[PDB]
């Protein structure tokens, strides 16, 4: 009989949970709170005509993929930024409060949709249009598709003119400085064949941020949208890191320090959110937990359940090259936040791409719910899962926080102290709404694979809870269903036994 104690103090460690951590990149069967227009296809996206290039994902084809995949009405295909406006219109219609639009910095964007771009057509060439961050001439709502340039600030002007600036209810709140710069030379060799240098990325980031903020001083700039750890540490062995990196523990510090330096010289914040992608390298059962992981592999599934701990738990060492050789940089979130405090205080943190795998498996749902609890507890500002609607359990993990009852019910927006006596077999996150603890929300996850776990709750609150309604998902179904309510609470204490591999959302009042 596995017994675990959960102790909550609604008055201690109160901290706001950013509403934007429950987002997605793709269109999901879940209620999300942030939508990101990013990824490989956005690097060469031309807002003037909506064409884009697949790069290495698909024979370097320049075509209308984004219009088709984005479900843009055929009649708007030739309309400037229709890919983006359709994306944002959809977000607004679904009541999504935050939209993040990737801007182009690799250097060039598709001039057409004529198919494969040969190596002999590497930019510059008739197949590409050169990107310039600042037009330096009056903006037009009908950009010239005949000249050789595409302007980022004109692009932003078009959007602000349509939706208002970032400070308004319908404005687009954030812009990203392209996508995975350290992989430009690998993913988009036809646009940026040389490995990006640290100097180049900073120069571009500063220039694009300045250009954007002159049009919308309220917009938040996200960067550098690094693909993974190697980029975090050395910008994927950047050609100039041996010199630029002197005195810096990792590229992360260099980026923050240089962006702050530029902001200080300019007179305003140029980097609002440190943006990185985190695809777990954690392994189990002889395979990575994400990217083609086999749901039949029990060891992989168990490793998936524990992987979230690499995000915050100093005592957890995963089975991966990162856990083995980069302990000095783990747990990851605290290290990223520590760097921010040291080189650019006030900077926010976002994980714009992540996937713990097993999306169609219970462990993918529990890990997802765990990750979201972690993002909320440790101060992450925005997060957007990368994966399609087939990840039913991942979607359940999101809805457990954003719409657990199917009618808008959601986790509180203020995190409170909630400790568990066994972080290996369980996870628990608590929250209240605003500064009021009348209703106490609790995300309770039982990671026990084949046995139930009994939880003894002890809560300190100004209120005396008399009922705890429950909603949960498990191996039986990814549909979140309401369960029998907890009714025997004595002096804010009660015992609740949860079946193996179950994720619950308890609402006390």
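Numbering follows the first chain given and starts at 1.
Taking the PDB entry as given, 454-462 carries the higher mean Cα B factor of the two stretches 454-462 and 479-487.
Of the two segments, 282-290 and 421-429, the one listed with the higher mean B-factor is 282-290 (C-alpha atoms only).
When the C-alpha B factors of 31, 56, 26, 469 are read from the deposited coordinates, the top value falls at 56. The top Cα temperature factor in the record, among 336, 72, 225, 156, falls on 72. In the PDB entry, residue 407 places in the highest third of its chain by CA B-factor. In this PDB entry, residue 178 carries a Cα temperature factor that places it within the middle third of its chain's modelled residues. In the deposited entry, the Cα temperature factor of residue 262 sits in the middle third of values across the chain's modelled residues. Residue 152 sits in the lowest third of its chain by CA B factor, as recorded in the PDB entry. When the modelled residues of the chain are ordered by C-alpha B-factor, residue 185 sits in the middle third.
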